[PDB]
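Letter by letter, the chains look like this.
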Amino acid sequence: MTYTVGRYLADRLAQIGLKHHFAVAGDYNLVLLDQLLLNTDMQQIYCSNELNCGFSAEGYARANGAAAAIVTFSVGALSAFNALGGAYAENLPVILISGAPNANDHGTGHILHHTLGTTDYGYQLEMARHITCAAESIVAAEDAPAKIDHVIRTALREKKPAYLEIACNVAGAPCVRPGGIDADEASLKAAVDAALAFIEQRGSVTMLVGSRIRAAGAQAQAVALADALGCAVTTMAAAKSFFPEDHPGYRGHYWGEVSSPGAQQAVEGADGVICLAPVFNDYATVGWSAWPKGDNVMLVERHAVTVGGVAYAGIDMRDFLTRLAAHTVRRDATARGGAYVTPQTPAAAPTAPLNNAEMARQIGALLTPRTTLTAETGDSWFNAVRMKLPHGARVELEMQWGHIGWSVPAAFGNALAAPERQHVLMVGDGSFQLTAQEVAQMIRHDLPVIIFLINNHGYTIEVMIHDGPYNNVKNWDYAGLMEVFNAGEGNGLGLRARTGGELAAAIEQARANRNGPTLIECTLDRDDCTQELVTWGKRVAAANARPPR
Amino acid sequence: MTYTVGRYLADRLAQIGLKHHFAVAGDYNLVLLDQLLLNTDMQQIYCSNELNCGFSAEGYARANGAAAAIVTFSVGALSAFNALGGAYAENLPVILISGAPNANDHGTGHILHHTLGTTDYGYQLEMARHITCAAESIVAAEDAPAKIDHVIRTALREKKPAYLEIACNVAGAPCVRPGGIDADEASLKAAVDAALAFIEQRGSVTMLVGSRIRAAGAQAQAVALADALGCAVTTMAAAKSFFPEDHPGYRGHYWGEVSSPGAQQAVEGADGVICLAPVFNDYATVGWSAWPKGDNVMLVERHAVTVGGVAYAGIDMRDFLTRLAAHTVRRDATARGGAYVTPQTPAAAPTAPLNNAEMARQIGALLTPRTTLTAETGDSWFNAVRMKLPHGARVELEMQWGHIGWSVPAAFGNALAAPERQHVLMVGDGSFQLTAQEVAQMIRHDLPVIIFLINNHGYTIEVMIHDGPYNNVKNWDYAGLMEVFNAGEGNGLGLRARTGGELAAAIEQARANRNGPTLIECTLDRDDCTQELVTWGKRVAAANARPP
Amino acid sequence: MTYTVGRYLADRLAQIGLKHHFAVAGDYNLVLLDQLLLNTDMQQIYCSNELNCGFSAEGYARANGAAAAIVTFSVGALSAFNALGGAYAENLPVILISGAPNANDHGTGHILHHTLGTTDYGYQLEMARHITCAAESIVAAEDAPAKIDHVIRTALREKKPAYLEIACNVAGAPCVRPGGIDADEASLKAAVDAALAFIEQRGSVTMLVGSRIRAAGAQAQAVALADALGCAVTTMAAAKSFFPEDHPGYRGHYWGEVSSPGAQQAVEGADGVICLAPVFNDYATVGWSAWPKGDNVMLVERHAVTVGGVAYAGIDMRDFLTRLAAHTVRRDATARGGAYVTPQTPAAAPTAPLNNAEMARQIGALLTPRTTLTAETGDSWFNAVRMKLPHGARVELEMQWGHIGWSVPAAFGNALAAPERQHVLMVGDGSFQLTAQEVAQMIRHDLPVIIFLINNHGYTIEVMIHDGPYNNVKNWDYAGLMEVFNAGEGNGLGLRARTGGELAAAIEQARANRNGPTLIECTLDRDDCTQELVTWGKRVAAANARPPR
Ligand SMILES: Cc1ncc(C[n+]2csc(CCOP(=O)(O)OP(=O)(O)O)c2C)c(N)n1
Ligand SMILES: Cc1ncc(C[n+]2csc(CCOP(=O)(O)OP(=O)(O)O)c2C)c(N)n1
Ligand SMILES: Cc1ncc(C[n+]2csc(CCOP(=O)(O)OP(=O)(O)O)c2C)c(N)n1
Ligand SMILES: [Mg+2]
Ligand SMILES: [Mg+2]
Ligand SMILES: [Mg+2]
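Conventions we followed
- Residues numbered from 1 in each chain as written, not as in the entry; some residues may be left out.
- Chains lettered and ligands numbered in written order.
- Part of a larger assembly, values for the part shown.
- Heavy atoms only, no water.
- Residues with missing side-chain atoms left out of burial classes, pairs and counts.
- UniProt positions renumbered as here; feature names shortened; annotations may be inferred.
- Domains from an automatic or database assignment.
- Contact = heavy atoms within 4.5 Å.
- Buried area = accessible area lost by both parts, 1.4 Å probe.
- Near = heavy atom within 4 Å.
- Polar contact = N/O pair within 3.5 Å; in protein donor to acceptor, adjacent residues only side chain to side chain.
- Areas by Shrake-Rupley, 256 points an atom, 1.4 Å probe, with all protein chains shown as cover.
- Helix = DSSP H or I, 4+ residues; strand = E, 2+ residues; numbered from the N terminus.
- Nonpolar A, V, L, I, M, F, W, Y, C, P; charged D, E, K, R; others polar.
- Buried < 20%, exposed > 50% of the residue type's maximum accessible area, 1.4 Å probe, protein only.
- Donors = N, O, S within 2.8 Å, 3.2 Å for Na, K, Ca; no water.
- Pairing = 2+ DSSP bridges.
- Salt bridge = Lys/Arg side-chain N within 4 Å of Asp/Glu carboxyl O.
- Least-squares fit on C-alpha atoms.
- Axes fitted to C-alpha atoms, helices over the stretch in contact; angles between N-to-C directions.

Structure determination for this entry is recorded as X-ray crystallography, at 1.69 Å resolution.

Under the annotation held in the PDB entry, chain A carries the name PYRUVATE DECARBOXYLASE and is attributed to Gluconacetobacter diazotrophicus pal 5. The PDB lists this entry under the title "Functional and Structural Characterization of Pyruvate decarboxylase from Gluconoacetobacter diazotrophicus". We quote the UniProt Sequence similarities (unreviewed entry) comment for chain A here in full: "Belongs to the TPP enzyme family." Its UniProt record gives chain A the following Catalytic activity (unreviewed entry) comment, quoted word for word: "a 2-oxocarboxylate + H(+) = an aldehyde + CO2".

Going by what the PDB entry lists, chain B is known as PYRUVATE DECARBOXYLASE and is assigned to Gluconacetobacter diazotrophicus pal 5. Here is the UniProt Sequence similarities (unreviewed entry) comment for chain B, exactly as written: "Belongs to the TPP enzyme family." Recorded under Catalytic activity (unreviewed entry), the UniProt text for chain B is reproduced unchanged: "a 2-oxocarboxylate + H(+) = an aldehyde + CO2".

The structure is reproduced here in structure tokens:
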């Protein structure tokens with residue numbers, strides 16, 4: 001059986017540790033999908049639509065480290081681009097492979113199906129270059145190994161996604177086989193010496209862990225530096241779970257005036273803040289109100305540290321933090337005697353109407369060290385950041401891209417990447433409507449994801465930035481949807497919870513559904529949301545609206 | 001009270017004839033949506049997601065002439081771009097407007113939500129320029145009139161979509177008000193004389209009507225020319241319904257070896273073919289096998305005619321066709337003796353298992369002159385092109401872009417644009433799962449769309465180009481979905497038809513459902529499809545696979 | 001004195017070893033040029049126009065390793081882009097820095113001078129992304145270190161050029177200071193083991209050295225492998241000088257039917273060819289006639305080797321060649337008893353009309369181990385590739401980009417990068433007309449470049465692909481131009497040579513001009529060119545013209 005270009009790609013994807021890749025068929029990729037099916041270290045997973053395909057691969061990469069999605073030219077890839085730009089924003093090496101016109105059509109002027117109807121077939125690549133770290137087109141088998149290895153090696157080095165298109169008559173063409181793997185003292189001393197003087201010369205220091213720290217591979221080194229300093233540690237909201245909440249120095253999330261108790265003063269009252277790989281965007285800074293920077297910040301990024309008025313280039317954040325931790329003095333003033341303060345809401349009477357605080361209390365009680373909680377944009381961001389996490393629990397947030405509906409397909413991909421964990425999904429009713437059909441794929445693969453669907457009858461987070469008729473949604477019977485997707489062949493279970501007692505019974509049933517997803521539709525009033533959402537929403541709306549010049 | 005940049009856009013959109021625009025809210029567009037709401041000539045319609053928002057605008061433009069969709073930066077617009085590229089492919093002036101960063105963030109290096117996380121806000125405009133005829137960004141109210149009028153005037157002139165983004169703090173900023181409207185004889189003589197010579201020198205001439213003729217506004221002039229020539233007239237598959245099927249010269253669709261009976265010889269056996277605004281792509285030419293071109297073809301395009309070895313530029317197709325029809329000789333040889341042959345499927349025994357031919361027969365019987373039949377990519381293309389159309393019936397096909405799932409939001413937008421017509425949607429089960437949630441918006445607006453969902457358990461069209469496990473889909477209870485979307489406040493109705501008797505009884509219940517959509521889930525075997533799909537699919541596949 | 005963004009860039013450019021950078025002033029870069037003037041490890045050099053500016057930096061990088069050019073927005077940068085795409089094509093890390101609009105104009109709709117007159121100021125960056133490996137815009141000083149270090153570190157790693165624009169009011173803004181520096185066994189064993197089996201299983205092997213081998217840093221390792229194998233070694237034309245011509249295995253250039261004697265048979269008659277970092281384009285393959293590839297080629301590239309039907313990724317060409325050389329058996333059949341054969345033209349009678357072969361004989365006799373010979377596109381490519389090189393002599397060719405006129409500004413930049421060497425420039429009269437004014441800069445800096453200007457009254461190389469009235473040029477008094485550029489303040493010398501005796505006397509005078517350039521205008525008939533030009537020109541023209549499908 002002749003070895004082909006598509007096999008070359010399949011074998012490299014398996015080699016970088018994918019166990020699955022995601023696809024939607026179209027004639028320009030069918031031979032490629034057949035070549036990928038020959039690799040039996042991976043399962044080929046089919047998605048309902050390409051936007052869902054792309055966010056399933058994004059969710060898979062959060063657990064696995066990388067992922068791949070394969071789509072057809074133009075009508076598949078342009079939807080997958082929203083999710084690919086999402087992977088770029090969230091520092092995940094997703095490889096999007098699109099099927100593409102037969103190479104013999106290049107140079108002809110032939111107009112081809114799925115294109116704009118002009119002689120141009122390069123617009124899709126051109127568009128992809130704006131949202132990836134590498135983008136290549138294979139029209140000849142002899143070029144395929146260099147292009148495949150370039151796109152995979154660059155994506156994995158940068159932790160950013162990349163794009164590959166393969167002419168449809170070349171996916172099955174003969175190719176060579178893959179071999180090998182796609183899977184500075186003075187500078188470091190100067191940077192470490194400056195960071196040690198920054199700590200030593202201050203009376204108090206607090207660490208603030210940012211949401212690029214996973215992409216830097218530096219989470220364990222952050223803990224070593226926290227152990228050595230004994231300082232208060234806080235996380236930015238989008239870094240929820242990236243630092244252990246049972247560490248004796250952890251004091252919660254820093255998010256300006258919506259911080260955990262004590263955390264705003266820990267960061268803003270300290271003589272120096274050590275910021276590890278942050279994303280200071282308008283939402284994270286609460287409309288530019290909460291943004292530690294400048295001479296009293298040691299800004300540590302994946303290949304540079306800026307401290308004491310100097311940017312030290314050429315140093316790896318991991319080696320830096322390890323050396324700094326081995327030599328620093330202790331600065332424990334912002335931690336001593338303090339603790340991380342989490343909500344302590346008393347249980348509601350079981351028959352009272354369900355409210356947000358009761359629902360969040362029951363969800364937080366479900367978390368284990370083995371839980372992965374995917375939380376959608378909406379008030380679920382604020383309920384998730386408020387949860388006290390058992391050590392080992394993972395929270396996945398998409399706070400820089402913020403595409404509502406990401407969470408459904410992302411929970412499906414994560415559940416396939418990490419089947420040993422307990423997957424829990426918190427998604428609002430508005431977000432659910434964009435990508436709901438990927439629950440039918442959860443059902444198809446008997447994945448036991450527990451989904452809390454928060455039915456507050458519209459886009460409550462927008463109701464709290466700026467209200468209007470556009471925040472209303474058509475209501476669905478969300479719980480009844482599960483039987484519709486099972487269609488007599490599936491173990492999906494849909495339950496409704498209108499009280500704390502109904503929610504607790506629904507949760508018991510969900511935990512007992514071992515071979516399919518359970519959706520629990522939790523009914524809340526439209527204005528029953530976290531206080532933090534309202535305080536943040538005000539500040540961020542005022543920032544968006546601020547008047548020209 | 002103070003007139004704003006978003007009211008200037010709203011008023012221009014109303015001025016070009018929109019009665020609706022489509023939107024998905026996000027913080028970058030809310031002020032803009034509040035300004036659009038002030039125009040009471042339009043209704044603002046909310047969509048489940050942005051791919052569906054864009055394709056509802058595309059289906060609305062097919063009936064209305066134009067459309068607009070409003071989305072938020074990046075997370076909204078990048079999915080709407082698939083639909084915008086689809087409006088370019090299908091020659092429809094959809095205007096996509098996206099909300100965008102506050103103008104005071106430009107020049108700062110601020111990182112913003114919904115972006116790539118870099119200091120770049122211009123990637124979205126840059127991407128949009130590849131799929132539109134005009135693309136502008138407003139960051140200052142002083143510029144907004146020239147940029148709104150350039151995108152709308154260019155889109156309407158070119159019959160192609162356009163892109164506008166408006167900084168979120170500028171949509172509510174004061175603006176001037178809109179006034180005025182956004183809504184060669186020697187060359188024509190030379191072209192008409194060469195075309196007259198082309199016809200007079202030939203004994204058998206046939207017309208082939210192409211799917212860019214509606215973008216040219218030349219459908220009535222094509223009828224005038226067919227009346228003068230008396231010749232056979234055929235339509236390309238994607239031009240279904242663009243020429244009237246009761247015309248005495250109509251001889252059905254030309255589609256190479258899957259043509260209506262006699263139509264392949266009408267075109268391929270003629271001494272000349274008059275080709276009106278065709279798209280000869282790989283699917284239309286049946287893998288490059290069926291492609292009339294060259295010295296024996298008069299190729300008539302929007303602004304140019306190529307005939308007799310010369311390309312005549314600067315002539316409007318409408319004026320050309322009217323002058324040619326007024327002077328031409330008659331050439332009726334290709335019509336003599338012939339007729340349009342359409343399927344004559346006998347009615348099945350009512351309790352026999354449903355098959356595709358029976359389902360197609362009953363859907364064909366439902367069509368009227370006031371029907372719009374939206375037909376999805378899949379075997380529904382072949383069942384639609386085979387339908388005998390009453391004069392005036394409209395069929396909508398998306399055969400150049402061909403994005404499965406387009407039909408659901410496109411039928412929703414066409415139902416809002418043309419509420420006086422009877423809307424019928426044929427959609428396959430695989431396609432329905434990409435965009436199904438827009439049926440909930442049909443229910444929200446009480447639109448009486450009758451939807452035939454063909455449940456043959458997978459992607460049968462693909463099963464016929466090249467089969468594999470990727471053609472299987474997770475089955476749904478499609479009928480039972482209607483009550484889920486009603487959620488106690490809607491008039492959607494879901495029915496199942498497993499026999500011709502059950503299908504006839506479901507169609508009569510669907511016709512009686514006047515205030516909400518009815519989905520009839522028709523069960524067919526995977527391999528029970530038209531013969532034309534099988535024949536077309538193998539040619540088309542062989543062309544895709546041809547070796548380096 | 002406050003440290004600024006422009007200083008940050010100046011100090012990083014000095015740190016990567018530039019001794020000069022090239023500039024043309026415009027109001028959008030004047031404050032930046034003032035910040036660069038503060039670094040006294042570099043000289044700021046002014047160019048006549050931006051295309052010349054960009055090719056002076058390209059020539060400088062060939063000697064130095066890297067280079068920088070600074071230009072004004074749009075009217076400067078778009079000309080510099082031709083030279084930047086040239087640097088990409090020739091694998092040289094040139095950094096182009098453009099001055100750019102004031103940051104406060106972004107977001108205003110202001111129309112600005114030097115732009116297209118629309119509200120768009122991003123088109124220049126967008127265009128630059130197609131011809132560089134990194135492209136960034138600085139509009140805020142706090143972003144400047146990351147963007148500067150990203151563009152320099154990426155350019156130096158990739159050996160490709162990069163682009164940076166800096167808002168004009170930010171070049172002088174305060175900035176932090178620069179610290180630190182911008183300056184796999186199993187895979188390697190598998191690749192080496194396969195390459196050793198490739199050699200061992202064959203009776204004869206020949207090495208073919210390609211013009212990407214400098215960018216790979218692998219020239220010394222190629223010599224070690226040639227020493228170990230004892231095989232015939234040949235160079236592709238564009239690799240002239242990248243392998244030592246006095247090595248006992250060297251047998252000249254392989255260039256199909258225009259190869260050195262014996263070299264075509266060495267490569268095409270061998271059982272296996274080891275190809276080191278080649279560029280097989282239409283000119284190198286002589287119109288696709290001479291292109292060793294496939295199962296009998298070991299293709300060695302900077303990070304991959306393809307041999308024995310496998311592409312081994314993840315291995316550095318230098319480590320690979322060193323390990324291969326340490327273990328290979330000898331395969332000397334294609335070298336034994338052979339020698340590199342070079343032209344042996346007898347000296348012309350001194351008073352006979354000068355002809356090409358006599359001119360090339362005198363130029364070849366001028367070369368020393370310390371010579372850098374820059375040779376322009378035209379018949380000078382074929383005269384240069386025919387020269388026998390003393391060990392250490394460098395030849396610079398621009399055979400992939402092939403922009404006529406490159407050679408003038410490239411010889412000026414090289415002469416500044418490497419003033420310890422003897423610089424010689426061979427440029428035809430047509431090419432000279434595109435960029436002649438950079439000889440006035442050679443004069444301004446007293447650079448003793450000897451220029452042979454071949455005046456054959458038009459574009460003789462095109463006359464031999466396809467003749468027409470477009471191959472004629474307006475003749476100039478090239479030798480008289482030198483006094484015009486000196487304008488009473490310069491040591492440029494212009495001489496004419498119409499015979500071999502006049503050329504020899506002119507050369508003596510040139511060698512004696514120690515403080516300025518000498519141009520010797522050599523008069524040749526239009527059809528007096530190398531035989532190789534005519535044979536190559538035919539083949540490459542036939543390839544260009546070959547008929548649609
Ligand atoms: C693709 C996309 N379109 C629009 C938005 C704007 N958006 C941000 S939050 C949100 C509503 C989320 O509503 P829901 O999921 O019901 O969450 P709630 O706040 O009610 O819990 C919207 C429309 C977005 N973020 N992404
Ligand atoms: C967005 C998109 N992705 C993938 C494709 C490839 N595609 C062409 S037809 C088809 C299947 C259509 O299946 P169905 O709607 O069930 O129609 P059938 O042929 O079964 O009646 C596919 C997947 C496409 N055209 N568009
Ligand atoms: C910028 C640019 N424009 C046009 C060309 C096409 N070109 C290739 S060689 C050449 C003529 C070179 O003439 P000359 O320098 O007189 O060299 P000769 O062959 O006569 O020695 C031309 C015009 C090119 N290579 N670069
Ligand atoms: Mg909600
Ligand atoms: Mg189907
Ligand atoms: Mg010349």
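Right, picking up where we left off after that structure.
Residue and element names in this part refer to chain A. The domain architecture assigned to chain A consists of domain 1 (1–183), domain 2 (184–341) and domain 3 (345–533). Spacing between the C-alpha centres of domain 1 and domain 2 amounts to 38 Å. Contacts between domain 1 and domain 2 engage five residues on the former and four residues on the latter. Here domain 1 packs against domain 2, burying approximately 390 Å² in sum over the two surfaces, 31% of which is carbon and sulfur. Counting the surface domain 1 buries against domain 2, the share from its top three residues, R62, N91 and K159, is 82%.

A few words on the site of ligand 2. Near ligand 2 there are 23 residues, and of these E50(A), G402(B), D429(B), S431(B) and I461(B) occur at the shortest range. One nitrogen or oxygen atom from the main chain of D379(B) is found 3.3 Å from an oxygen atom belonging to ligand 2. A distance of 3.1 Å separates a nitrogen atom of ligand 2 from a polar atom in the backbone of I404(B). Protein coverage of the free-state accessible area of ligand 2, which is 610 Å², stands at 98%. Tallying contributions element by element places helix 14 (residues 429–435) of chain B first for the shell around ligand 2, with four residues. Of the residues in the shell around ligand 2, the class split is six nonpolar, 13 polar and four charged.

Residue and element names in this part refer to chain A. UniProt feature "binding site: thiamine diphosphate" (unreviewed entry): in the numbering of this structure it lies at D379, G402, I404, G430, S431, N456, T460 and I461. Examined against the element boundaries, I404 turns out to sit in the loop between strand 16 (394–396) and helix 13 (407–417). Using a relative accessible area of 22% as the deciding quantity, one classes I404 as partly exposed. Leave out the neighbours within four places in its chain, and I404 touches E376, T377, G430, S431, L434 and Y459. Structurally, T460 can be placed in helix 16 (residues 460–463). Residue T460 is classed as buried on the basis of its relative accessible area, which comes to 4%.

Residue and element names in this part refer to chain C. Those protein atoms acting as donors to the magnesium ion (ligand 6) are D429 (OD), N456 (OD1) and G458 (O), and they sit at 2.0 to 2.1 Å. Mapping the donors of the magnesium ion (ligand 6) onto the primary sequence gives the spacing D-x26-N-x1-G. Neither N456 nor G458 differs from the other in exposure class; each is buried.

Relative to strand 19 (residues 518–523) of chain B, strand 18 (residues 493–497) of chain B runs parallel, the two sharing five bridges. Within strand 19 of chain B, the residue paired with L493(B) across the bridge is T518(B).

It is worth spelling out the interface of chain C and chain A at this point. Opposite the 28 residues of chain C that make contact, chain A presents 28 residues. Here chain C meets chain A over a buried area of about 1,800 Å², counting both sides, of which 54% is carbon and sulfur. By the criterion of area lost to chain A, the three top residues of chain C are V176(C), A311(C) and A313(C), representing 22% of everything that side buries. Counting across the chain C and chain A interface gives two salt bridges. Taken together, the links from chain C to chain A amount to 14 residue pairs in polar contact. For the side of chain C that touches chain A, a count of residues per class yields 10 nonpolar, seven polar and 11 charged. Pairing of strand 7 (residues 177–180) of chain A with strand 14 (residues 310–313) of chain C involves four bridges; the strand directions are parallel. Residue pairing for strand 14 of chain C: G179(A) is matched across the bridge by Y312(C).

Moving on to the pattern of salt bridges. Residues and elements named next belong to chain C. Counted according to the given criterion, the structure contains 69 salt bridges over all chains. Between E358 and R361 there is a salt bridge, with the nearest N and O atoms lying 2.9 Å from each other. Here the residue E358 and the residue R361 both occupy positions in helix 11 (residues 356–366), the gap between them amounting to three residues, near one helical turn. Take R361: its relative accessible area is 31%, and that puts it in the partly exposed class. In this structure, the salt-bridge partner of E508 is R511, at a minimum N-O distance of 2.8 Å.

With that settled, consider the coordination of the magnesium ion (ligand 4). Expected angles at a metal are 109.5 degrees for tetrahedral coordination by four donors and either 90 or 180 degrees for octahedral coordination by six donors. Residue and element names in this part refer to chain A. Bound to the magnesium ion (ligand 4) are the protein donor atoms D429 (OD), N456 (OD1) and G458 (O), situated 2.0 to 2.1 Å from the metal. The motif formed by the donor residues of the magnesium ion (ligand 4), counted along the single chain, is D-x26-N-x1-G. For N456, a relative accessible area of 10% gives the class buried.

With that settled, the discussion passes to the interface of chain B and chain A. Taken together, the contact pairs 90 residues of chain B with 95 residues of chain A. For the side of chain B that touches chain A, the element with the highest residue contribution is helix 4 (residues 77–89) of chain B, accounting for seven residues. Among the residues forming the side of chain B that touches chain A, the class breakdown is 44 nonpolar, 33 polar and 13 charged.

Between chain C and chain A, the superposition needs a rotation of 180° and an axial shift of 0.0 Å, giving an RMSD of 0.0 Å. In the structure described here, the two chain copies are related by an operation that fits a two-fold rotation axis. Of the C-alpha atoms belonging to chain C, the one lying closest to the rotation axis is found on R129(C), 4.7 Å away. Looking at chain C, 100% of its interface residues are interface residues in chain A too, so the copies touch through the same face.

Residues and elements named next belong to chain B. With parallel pairing, the six strands of this open sheet are ordered in space as 15-14-16-17-19-18. Pairing within the sheet leaves two strands with one partner each, and these edge strands are strand 15 (394–396) and strand 18. On average, each strand axis in the sheet is inclined to that of its neighbour by 20°, with strand direction left out of account. Against the sheet, helix 17 (residues 478–486) touches strand 17 (450–455), strand 18 and strand 19, its axis set at about 170° to strand 18.

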